[PDB]
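Novice: Pasting in a structure now, in structure tokens, and then I'll have a few things to ask.
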Amino acid sequence: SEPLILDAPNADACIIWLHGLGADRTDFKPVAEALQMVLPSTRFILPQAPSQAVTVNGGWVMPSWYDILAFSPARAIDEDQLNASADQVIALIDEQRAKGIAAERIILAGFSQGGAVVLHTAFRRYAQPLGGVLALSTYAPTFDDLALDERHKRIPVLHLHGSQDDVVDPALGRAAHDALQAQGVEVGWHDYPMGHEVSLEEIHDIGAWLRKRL
């Protein structure tokens, strides 16, 4: 399926938001529309993860950005599929730049599995530094090989997590934040008394963070 696209009048920025394991591209549409109120000239692109087999679940096929081989180590993933997903994101970024949107005004966002993809895209693969990353209830298994040059250190990041998350451990979420911090990246952290989900308070905080950068 193609990406859901929420255009904006005279769009001068773009947010590419990825859903989590097994979800649908429409999952974050209400979130995107809420944020468009905050950012009236920002376009939102919500891609759909392809349906593939997910080992850790019994091999069943469902929307997945990359195969997860075990519950532990979190690092046990199919990195080739992860890179294919990262390439799908890079293709969307390339398209927006070709349309005139500055790279500095393209921000990636992801919830859980989708968050691991955007963190990987921005900090391990895409050469041109982006305007920022939103990482919700997620983790970054490939940050074990994080090796930033000065230009990528300029990418701001906001990490969000439910302190009661029973799917992605808040500690794995903090570990991604800590790895970037250790490498000179400007990072923010906000947790909430909730589980593996999204809350309106969380969306208000994200809007304020974005308003400061767009």
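Heads up: the sequence shown at position 195 corresponds to 196 in PDB author numbering, and the numbers run straight through without jumps.
The beta-carbon is built from N, C-alpha and C at its ideal position, and this holds for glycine as well.
Hey, would you say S138 sits closer than 8 Å to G174, going by beta carbons?
Specialist: Yes, the pair counts as a contact, with Cβ atoms nearer than the cut-off.
Novice: Span of the alpha helix (DSSP H) holding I204?
Specialist: Its alpha helix (DSSP H) spans residues 201-214.
Novice: Closest by CA to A12, which one among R98, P64, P74, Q49?
Specialist: Answer by Cα proximity: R98.
Novice: Nearest by alpha-carbon distance to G59: which of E3, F72, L215, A9 is it?
Specialist: Out of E3, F72, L215, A9, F72 has the C-alpha closest to the C-alpha of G59.
Novice: Just tell me which of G189, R152, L149 has its CA closest to the CA of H162.
Specialist: Nearest of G189, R152, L149 to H162, Cα basis: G189.
Novice: Counting only the same chain and skipping the five closest in sequence on each side, list residues whose C-beta sits under 6 Å from that of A77.
Specialist: Excluding residues within five positions, the ones whose Cβ falls inside 6 Å are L70, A71.
Novice: For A9, name the three-state secondary structure that DSSP assigns.
Specialist: Looking at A9 - three-state DSSP - the assignment turns out to be coil, as it is neither helix nor strand.
Novice: What residue range is occupied by the uninterrupted beta strand (DSSP E) comprising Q97?
Specialist: Not the beta strand (DSSP E): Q97 falls in the alpha helix (DSSP H), residues 80-99.
Novice: Indicate the three-state DSSP secondary structure (helix, strand or coil) for residue 1 in the structure shown.
Specialist: With the chain covering 2 to 215 only, the question about residue 1 has no answer from this structure.
Novice: Assuming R214 and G133 make a contact with CB atoms under 8 Å, what is their CB distance in whole Å?
Specialist: That pair is a contact at about 6 Å.
Novice: Look up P64 in the DSSP assignment and give the residues it is bridged to.
Specialist: Paired residue(s): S52.
Novice: Would you kindly report the start and end of the unbroken beta strand (DSSP E) that includes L109?
Specialist: Taken as a continuous stretch (DSSP letters only), the beta strand (DSSP E) holding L109 covers 107-112.
Novice: The alpha helix (DSSP H) spanning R175 covers which residue range?
Specialist: Per DSSP, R175 belongs to the alpha helix (DSSP H) from 171-183.
Novice: Rounded to whole angstroms, what's the CA-CA distance from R106 to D8? Just pull it up for me.
Specialist: Those two C-alpha atoms are separated by around 15 Å.
Novice: My output table needs one value for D192: the three-state DSSP class, helix, strand or coil.
Specialist: Strand at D192.
Novice: Under the rule that 16 or more other beta-carbon atoms within 10 Å means buried, what is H121, buried or exposed?
Specialist: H121 should be labelled buried.
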